[PDB]
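**Q** here goes the first bit of my complex:
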Amino acid sequence: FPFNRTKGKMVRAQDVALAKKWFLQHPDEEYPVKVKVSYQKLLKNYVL
Amino acid sequence: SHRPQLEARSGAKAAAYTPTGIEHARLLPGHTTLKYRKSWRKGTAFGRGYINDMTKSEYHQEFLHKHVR
């Protein structure tokens, strides 16, 4: 969404959420259980 | 000095006082909106409600027959 447009409006600089995208996507595979569990926390906060 | 009271406090005594202005929580606005209405077996030796109360009830006697045991 941000890009394909070329015309739009501004946003409060703290609303742009740079890390949301990462934790919606899958965890991948290699990461040690620490980070994976970090993902699940970020979802639970999101879904809520 | 432990004494049974003989009285209660008139709300009026309060009523004369000047206010304070502290703000509680439960007074914050909620529900701002009203709603209107439009052989062997012979051998043996033996040959052929609601009571208004508690302690005489059938329940209570079950109960005390369990717990205090």
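**A** Thanks, I have the structure now. Numbers count the residues shown, from 1 in each chain, chains lettered A, B, ... in the order given.

**Q** find the centremost residue of chain A, please.
**A** residue A:20 (1.3 Å; C-alpha atoms, centre = their mean).

**Q** and residue B:31, how far from residue B:7?
**A** From residue B:31 across to residue B:7, the span is 37 Å (C-beta to C-beta, to the nearest Å). Where C-beta positions appear, they are placed from N, C-alpha and C, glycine not excepted.

**Q** got it, and residue B:54?
**A** Between residue B:54 and residue B:7 the computed distance is 34 Å (C-beta to C-beta).

**Q** looking at those two, which has the bigger crowd around it?
**A** Taking neighbours as other C-beta atoms under 10 Å in any protein chain shown, residue B:54 and residue B:7 compare with residue B:54 leading, 10 against 6.

**Q** return the set of buried residues in the helix ranked longest in chain A.
**A** Longest helix in chain A, counting residues (DSSP state H): helix A:33-47. Under the neighbour-count criterion of 16 or more other C-beta atoms under 10 Å in any protein chain shown, helix A:33-47 has residue A:39 buried.

**Q** any idea which element residue B:45 lies in?
**A** Using DSSP states H and E, residue B:45 maps to neither a helix nor a strand.

**Q** need the residues that contact the longest helix of chain A.
**A** A:20, A:23, A:24, A:27 (C-beta atoms under 8 Å, 6 or more residues apart in numbering or on different chains).

**Q** using CSV, write out every CA atom in that helix.
**A** Only the C-alpha atoms of helix A:33-47 are listed here, as CSV (Å, rounded to 0.1, in the frame of the first residue of the first chain):
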residue,chain,number,x,y,z
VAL,A,33,12.7,-20.2,20.4
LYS,A,34,13.3,-16.8,22.0
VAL,A,35,12.4,-14.9,18.9
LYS,A,36,9.6,-17.2,17.8
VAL,A,37,7.9,-16.7,21.1
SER,A,38,8.4,-13.0,20.6
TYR,A,39,6.4,-13.3,17.4
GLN,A,40,3.5,-15.0,19.1
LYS,A,41,3.4,-12.2,21.7
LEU,A,42,3.2,-9.6,19.0
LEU,A,43,0.3,-11.3,17.3
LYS,A,44,-1.6,-11.8,20.5
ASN,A,45,-1.3,-8.0,21.1
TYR,A,46,-2.4,-7.4,17.5
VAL,A,47,-5.4,-9.6,17.3
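
**Q** now the sequence for chain C, which goes on the structure above:
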Amino acid sequence: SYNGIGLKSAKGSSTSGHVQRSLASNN
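**A** Below is chain C, added to the chains above:
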């Protein structure tokens, strides 16, 4: 794939809720 094995939740149950396949019994 929580398949019905495990817990309603580990909130009260003092465990971590971890569930692992049992290597032993398969056949």
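
**Q** what about the buried residues of helix A:33-47 again, now that chain C is present?
**A** residue A:39.

**Q** contacts only, for the residue lying closest to residue C:5 once chain neighbours are set aside.
**A** Once flanking residues are discounted, residue C:5 sits nearest to residue C:19: 5.9 Å by C-beta to C-beta, 6 or more residues apart in numbering or on different chains. Counting by C-beta under 8 Å, 6+ apart, residue C:19 touches C:2, C:5, C:6.

**Q** how far away is residue C:19 from residue A:7?
**A** Counting by C-beta to C-beta, the gap from residue C:19 to residue A:7 is 51 Å.

**Q** who touches the strand or helix carrying residue B:63?
**A** Using DSSP H and E, residue B:63 sits within helix B:58-66. Helix B:58-66 has contacts (C-beta under 8 Å, 6+ apart) with B:54, B:55.

**Q** what is the burial count for residue A:22?
**A** Residues near residue A:22, counting by other C-beta under 10 Å: 10.

**Q** what is the neighbour count of residue 24?
**A** Here I'm looking at chain A. If we define neighbours as other C-beta under 10 Å, then residue A:24 has 10 of them.

**Q** think we crossed wires, I meant chain C
**A** Residue C:24, neighbours per other C-beta under 10 Å, totals 5.

**Q** what do you get for residue A:27?
**A** 14.

**Q** which residues does it contact?
**A** A:35, A:36, A:39.

**Q** hang on, the earlier thing: narrow the contacts of residue C:19 to those in strands?
**A** Using DSSP state E, no member of these sits in strands.

**Q** which of those lies closest to residue C:26?
**A** Nearest to residue C:26 out of the contacts of residue C:19 is residue C:5 (C-beta to C-beta; 14.8 Å).

**Q** and chain D, same structure:
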Amino acid sequence: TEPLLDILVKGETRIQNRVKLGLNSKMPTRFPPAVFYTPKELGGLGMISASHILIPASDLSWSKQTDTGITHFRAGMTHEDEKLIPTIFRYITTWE
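**A** Adding chain D to what we have so far:
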């Protein structure tokens, strides 16, 4: 018996929790199982822990019918780094 093992895990956690709040903390990193399990001599409480284990968890639904046999385990209590701990039941000969 499932539910009894359940109660073991709880209860024992609850006791350790007592000694813990006895200071002020539930923090797990402060209390590695050394603290609770070293014998009195070395200066531990010496409490004899048979909580740990791993607890057979199989698919309750059918286990209200068949007796489906153990297919899975649920971690009873934990650690941070693990080691393990021996549990009483293993040092007591069974009745038969």
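
**Q** please look at the neighbour count of residue C:24 again, because chain D has been put in.
**A** For residue C:24, the count of nearby residues is 9 (other C-beta under 10 Å).

**Q** measure it to chain D for me?
**A** 8 Å (C-beta to the nearest C-beta, to the nearest Å).

**Q** check the secondary structure at residue D:80 for me.
**A** The three-state label given to residue D:80 by DSSP: H, G, I helix; E, B strand; the rest coil is coil.

**Q** please give me every residue in contact with it.
**A** Counting by C-beta under 8 Å, 6+ apart, residue D:80 has contacts D:28, D:29, D:32.

**Q** so which of those is surrounded by the most neighbours?
**A** residue D:32 (13 neighbours).

**Q** for stretch D:48-65, C-alpha coordinates in PDB please.
**A** Backbone C-alpha positions of stretch D:48-65 (Å, rounded to 0.1, in the frame of the first residue of the first chain) are rendered in PDB as follows:
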ATOM      1  CA  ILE D  48      12.200 -33.800  48.100                       C
ATOM      2  CA  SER D  49      10.800 -32.900  44.700                       C
ATOM      3  CA  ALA D  50       8.600 -35.300  42.700                       C
ATOM      4  CA  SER D  51       6.700 -32.600  40.900                       C
ATOM      5  CA  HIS D  52       8.900 -32.500  37.800                       C
ATOM      6  CA  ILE D  53       8.100 -35.400  35.600                       C
ATOM      7  CA  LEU D  54       6.300 -35.100  32.300                       C
ATOM      8  CA  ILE D  55       2.600 -35.700  32.500                       C
ATOM      9  CA  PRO D  56       0.700 -37.800  30.100                       C
ATOM     10  CA  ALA D  57      -1.800 -35.600  28.300                       C
ATOM     11  CA  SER D  58      -3.600 -37.600  25.700                       C
ATOM     12  CA  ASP D  59      -6.700 -36.200  23.900                       C
ATOM     13  CA  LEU D  60      -9.200 -36.100  26.700                       C
ATOM     14  CA  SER D  61     -12.300 -36.500  24.500                       C
ATOM     15  CA  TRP D  62     -11.800 -40.200  23.800                       C
ATOM     16  CA  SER D  63     -10.100 -40.800  27.100                       C
ATOM     17  CA  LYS D  64     -13.600 -40.400  28.400                       C
ATOM     18  CA  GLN D  65     -14.200 -43.600  26.500                       C
END
